[PDB]
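Only one chain is given next, in structure tokens, and it is the form described as "open conformation" in its entry title.
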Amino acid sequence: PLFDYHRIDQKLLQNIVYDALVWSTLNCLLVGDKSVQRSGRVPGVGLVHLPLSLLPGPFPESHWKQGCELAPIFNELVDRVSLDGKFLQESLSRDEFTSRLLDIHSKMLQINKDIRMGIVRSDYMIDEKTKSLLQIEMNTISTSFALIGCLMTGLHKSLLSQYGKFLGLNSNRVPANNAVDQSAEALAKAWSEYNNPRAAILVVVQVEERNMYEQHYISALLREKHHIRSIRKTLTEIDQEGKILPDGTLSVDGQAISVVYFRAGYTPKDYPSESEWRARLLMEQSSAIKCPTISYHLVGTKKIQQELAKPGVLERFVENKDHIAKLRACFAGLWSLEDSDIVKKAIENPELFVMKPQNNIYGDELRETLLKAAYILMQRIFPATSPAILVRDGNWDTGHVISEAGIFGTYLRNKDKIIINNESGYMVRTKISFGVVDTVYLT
């Protein structure tokens, strides 16, 4: 144990936790309590610290470097796949939700309708077999925790400033984070690119938003730092409110909308009725720059990401061989009816493989294979468990947790000028065995 944090004497942790709880209040590491009924609609009431790991867990410096250089590679890959409507339409037209999303994509295709931007997130985990950094998810739409992840960097750096050498650790190895500034800056640059100085930013939000303070903070940054107004509306409000003018400008609550920032619309529970599908359509048709576009949203679906990971598919959207190499190194293997992996690599050694739907099947039952629900074959990831202190509604407890590190990218282009393509900070979600937020403690 190098810091198996469970060892730390229970007297010194009453104090660290105490300080951790102070800092979170002072710095708005706060969310609506689930237990309080209005805390997702009324700000300023029913507030509570984000559930949190007290001290950061370890992540090799090299694999953190690796994730950092992937960030702009994934950005350009997401833009490239999104430009292929036939790949997208072929792949996915095989789920009422997805099929509704594809409609909207078709409609645009049908109508030949660029300033393109993204604020996206690639989630990784370290795998104990290969010792590799592996991509777990690419989030192309409405990525949370740009603020949270970067208050956490601050929290843990504070804690370590106070308690470090008393524990063997230096804040230095909690990496610097700018996720939320990069985010608001990507937005401000897009608004600039549209070059309507009268335009506001639309931020599409959920009816119930306990995490509303992350959003207000980005809006505060936009307003005070970038001098740009933003307005927050639910999809059903955009259906009642929103109009397109005869020249294709979006007008929501009496103002031009140059940028549409989604922090909603990624779940089917966001579209209770036809009003919300109208609104998504209305907005997509408009000349507003969408953060992100419907094509981007589709790239991010489970189905597209699986298809990307199959042998030879990825390499269709990437010409750079160094990048090709980098991508494939973080991609967990995934396959269909290949006799070679999928009869027999997996039959002998059912150890990795898991079969998943396009129940999971593992281990001895994965001799499903000996007989040819779970439609594709992929490589098993074995995660790093580590001892943690978990602070929740003011109370701590110990557990052994796994961590998922997500790297933000921002991207902005106007037909062939790349204005932004960036690694833009991180967050970490740490969970038992929906968990807590965290950081990493490099190598």
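Don't overthink the numbering: it's just position in the shown sequence, from 1. Note that the rigid core is defined as the largest set of C-alphas that superpose within 1.5 Å between two forms.
What comes next is about the form described as "closed conformation" in its entry title, which does not appear here.
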Just one entry of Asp103, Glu338, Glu76, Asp181 has its C-alpha move 2 Å or more between the shown form and the other one under rigid core superposition, and it is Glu338
Post core alignment: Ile347 C-alpha displaced by 2 Å or more between the shown form and the other one: yes
Exercise for the section: Classify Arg380 as shifted (yes) or not shifted (no) between the shown form and the other one, where shifted means its C-alpha moves by 2 Å or more with the rigid core superposed. Expected result: yes
Rigid core superposed: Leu308 CA moves 2 Å or more between the shown form and the other one = no
Against the displayed form, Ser336 vs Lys303 by Cα, in the other entry, with 3 angstroms or more change: pair is closer
What changes in the other entry is the Cα distance between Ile304 and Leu337, by 3 Å or more; the two atoms are closer
